[PDB]
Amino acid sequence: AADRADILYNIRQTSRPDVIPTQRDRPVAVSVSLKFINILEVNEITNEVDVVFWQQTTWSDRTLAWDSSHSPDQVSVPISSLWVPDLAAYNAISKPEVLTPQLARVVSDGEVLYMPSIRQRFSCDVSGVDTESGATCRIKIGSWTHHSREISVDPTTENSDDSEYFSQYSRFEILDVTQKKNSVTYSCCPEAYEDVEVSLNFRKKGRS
């Protein structure tokens, strides 16, 4: 059929990175799930935390679909060639440091999977981080300019070990992670903006 070069060419032909792939007249269903990899530099005085994580992002874009009958059903494409959710962490106090090659996976049916590793600083509750019950830091992520009728965010509830990929060499340890969906409204505008809230319950590891 066609080769990976043909698939990419077609993409750049039918893709519109600056236009949201609004299916029918309904918002794009962007799924977000954070995989905590490390917890660095914590300050209980300034309520700040340096965190490394994998932002597993997904959504569909039918304008990139193709017939993978006798050709590959998946390819890696630079995000600059694709439309990407304008996600932002509300309580983030430093721009996200993308530590991995910014490539997205695209399936022939239009399913897009972007999972960059991210290091970033947040302003959250760090209190009790050294107590047995630990602290609970809450990360809010969601579109920055698209409201509920354009983009919906939902956490892909996939029963897994909160610290499955979490470093064993960190001074801290995850106790639990729960991801809830929310929808806030602002005075700037009459519409609401969906967002996912990830609650990181961690603490400093004791001693033998």
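Counting begins at 1, following the sequence as shown.
Visitor: Got a sec? Mean C-alpha B-factor, which is higher, 166-174 or 151-159?
Guide: Between 166-174 and 151-159, it is 151-159 that shows the higher mean C-alpha B-factor.
Visitor: Where do the C-alpha atoms have the higher mean temperature factor in this entry, in 107-115 or in 82-90?
Guide: Mean CA B-factor is higher for 107-115.
Visitor: Based on what the PDB entry reports, which of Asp73, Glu97, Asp125, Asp130 has the top C-alpha B-factor?
Guide: Comparing C-alpha B-factors across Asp73, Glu97, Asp125, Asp130, the maximum falls on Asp73.
Visitor: Tell me which of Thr63, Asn38, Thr46, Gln55 tops the list for C-alpha B factor in the record.
Guide: Most elevated C-alpha B-factor of the set, per the entry: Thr63.
Visitor: Split the chain's modelled residues into thirds by Cα B-factor; is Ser33 in the lowest, middle or highest one?
Guide: Within its chain, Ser33 is a middle-third residue by C-alpha B-factor, going by the deposited values.
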